[PDB]
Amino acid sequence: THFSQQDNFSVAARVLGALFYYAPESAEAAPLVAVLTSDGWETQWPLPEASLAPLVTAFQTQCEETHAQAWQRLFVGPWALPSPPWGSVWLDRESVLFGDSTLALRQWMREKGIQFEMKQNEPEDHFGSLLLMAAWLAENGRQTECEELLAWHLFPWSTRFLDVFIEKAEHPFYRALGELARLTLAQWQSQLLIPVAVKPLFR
C-alpha cells in the first residue's frame, strides 16, 4: 500500500541520491552513470515515457566537459557552488551549513531512533544523504518515517534547490539528472498523505 514500498521508490531514491553524493568515477556512482547512459533504464524508472524520451537522449549527449569535471564544479569546488546541495542554505535565514533546519532534522532523527549516519564532519541535510536515508528507511519498512523525512526535511527545500541546479548545471548529463530528480520527487510529493512543511526560502 504505502508509496515508499512500491514503484521502485527505494531503487530510484538510491540512484538519485548516489549520483548527487558520489563522484561519477567513484565505485559507488560509475555504474549508475553507465545505466543512465545506456538504453533500458527508462523501462524501470517509475515515470511516464513522454517525459523520459527526451532525458534518454540528453543523458547520452557527448560534451567536451567531463562528468568528473562537471561534478567537481557543481558539488566540490574549489569555488562557490552554483546550487549548494544542503538544506540549511535554503531554509536557514542566514544560509549557513549545520543550520537550524539541519538541527531540526537531527532532532527528528534522534526522536525516531534513526541510526543512519552521515560521513564525518558532514551535515545531515545533503540532498543525496536525504535520498539515500529515505531509501534506507523504505527498505527497513519504516514507511511513516520515510514520509516524514520527505514531507518535513527534504521537500520543503528540494524544489528550490533543483530549480536553481537545473538552470546552472550547464552539463547535459547533470542537467538531465536534475530534471529526472525534479520529475520524480514531484511525483512522490503528490503521493504524500501528509502536507509538505511550509517554510520560507532564503536563497
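Residue positions are given as counts along the sequence shown, with the first one as 1.
Colleague: With respect to the recorded C-alpha B factors, which stretch has the higher mean value, 45-53 or 143-151?
Modeller: Higher mean C-alpha B-factor: 45-53.
Colleague: Would you tell me which stretch averages the higher CA B-factor in the PDB entry, 84-92 or 119-127?
Modeller: Mean CA B-factor is higher for 119-127.
Colleague: Per the entry, which of 23, 194, 185, 16 tops the list for Cα B factor?
Modeller: Of 23, 194, 185, 16, 194 has the highest C-alpha B-factor.
Colleague: When the CA B-factors of 76, 104, 97, 133 are compared as recorded in the entry, which is the largest?
Modeller: Across 76, 104, 97, 133, the entry lists the biggest C-alpha B-factor for 133.
Colleague: Lowest, middle or highest third: where is residue 203 by Cα B-factor in its chain?
Modeller: Middle third - that is where residue 203 ends up once the chain's C-alpha B-factors are sorted.
Colleague: Sorting by Cα B-factor within the chain, modelled residues only, which third would residue 163 end up in: lowest, middle or highest?
Modeller: For residue 163, whose C-alpha B-factor we compare with every modelled residue in the chain, the answer is the lowest third.
Colleague: Where does the C-alpha B-factor of residue 58 rank in its chain, lowest, middle or highest third?
Modeller: It belongs to the lowest third of the chain when residues are ordered by C-alpha B-factor.
Colleague: Pull the Cα B-factor of residue 29 out of the PDB entry and bin it into the chain's lowest, middle or highest third.
Modeller: For residue 29, whose C-alpha B-factor we compare with every modelled residue in the chain, the answer is the highest third.
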